[PDB]
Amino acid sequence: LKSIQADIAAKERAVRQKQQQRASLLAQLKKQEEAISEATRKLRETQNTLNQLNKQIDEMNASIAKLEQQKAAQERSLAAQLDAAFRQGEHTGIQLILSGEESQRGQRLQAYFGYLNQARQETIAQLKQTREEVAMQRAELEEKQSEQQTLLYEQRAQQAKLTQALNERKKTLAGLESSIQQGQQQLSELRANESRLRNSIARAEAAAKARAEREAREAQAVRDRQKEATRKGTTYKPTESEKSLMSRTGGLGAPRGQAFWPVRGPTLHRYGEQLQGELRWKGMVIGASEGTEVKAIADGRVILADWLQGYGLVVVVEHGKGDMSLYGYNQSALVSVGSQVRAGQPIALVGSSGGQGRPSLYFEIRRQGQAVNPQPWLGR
């Protein structure tokens, strides 16, 4: 009775220990993958700025070397003129200007001295101008090098954040691979992961509603204002932005393979296939290299960019009329909540966030708060 009672309390202690050790490793995984995402995004933006700056710095060094050659040539030529003037005694023995003069030959000989003094003035002015352009281009170059160094310092810091986060993630996942998860609590995590994802989308939607409702009204006003056009015998040309507003708010339309492939790769899982037990896939899984760019399937606005258990880094794009595209397992979110996106625009990089076995994209289309087979929108 005594030792059966010790082992019952040390078998509940041991389950509450296992559950909290897992919870804590998953909260570490979340933080690490949040850091990998934010750092991967920064390194990408940083590297793109740097490529422009390096090209400018290359151009400035080439331009400065050209002027420096010009300046050395102009200096040597000017110095040779000073030397010849000195050998002539032009600085003391000007006397040869005076005793050598005639009626009309001396007239011209004066004009000629005018053209020489002019040419010498121009020679010095040209060199003064080369020295000023050089000095200015060097000042400009030093300011560009200083900008580049601040950027390389940011790259270093972000890389350090990324390397740390990756090293710590390797250790967190090895830990999670230790805690063997039996069939029934996997199914339990899968159902709860799906439920939490649903709550996150609803909250993102609730927070978008004021904006979404105004844009829809404003969008319909454009369609309407084109009724007075048609029905009163004219055409109204909507502005490029009114066309963007209508695209972002009109929903994904009837599934006719008009949307962009978010990523191209083998289809590893399809909507409705068995996930585990009686649970079905609510989206498709497309295989692709880690870091492969994930494209918005259509015009819309980002309303969620969060790490969710089971799904990792999830981006949701509002398309209007309650239509949403959902992008999970991401290495990095490349766009922030509230950013408008264009069909075909990179919004994320493929990864395995949330602890997937291989790099891939999780992809949903949702209508009326329900995941639907996303396949028949995919074409281009």
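A residue's number is simply how far along the shown sequence it sits, counting from 1.
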Output the stretch having the higher mean C-alpha B factor in the entry; the candidates are 323-331 and 63-71.
-> 63-71
Higher-B stretch (mean Cα B-factor, as the entry records it), 191-199 or 85-93 | 85-93
From 99, 289, 249, 309, the top C-alpha temperature factor is at 99
Residue with highest C-alpha B-factor in the PDB entry, from 231, 282, 144, 264 | 231
By the record's CA B-factor, is residue 148 among the lowest, middle or highest third of residues in the chain?
-> middle
Sorting the chain's CA B-factors, does residue 259 end up in the lowest, middle or highest third?
-> lowest
Among the modelled residues of its chain, does the C-alpha B-factor of residue 162 lie in the lowest, middle or highest third?
-> middle
Residue 168: C-alpha B-factor third of its chain, per the entry, is the middle
Would the CA B-factor of residue 213 place it in the lowest, middle or highest third of its chain?
-> highest
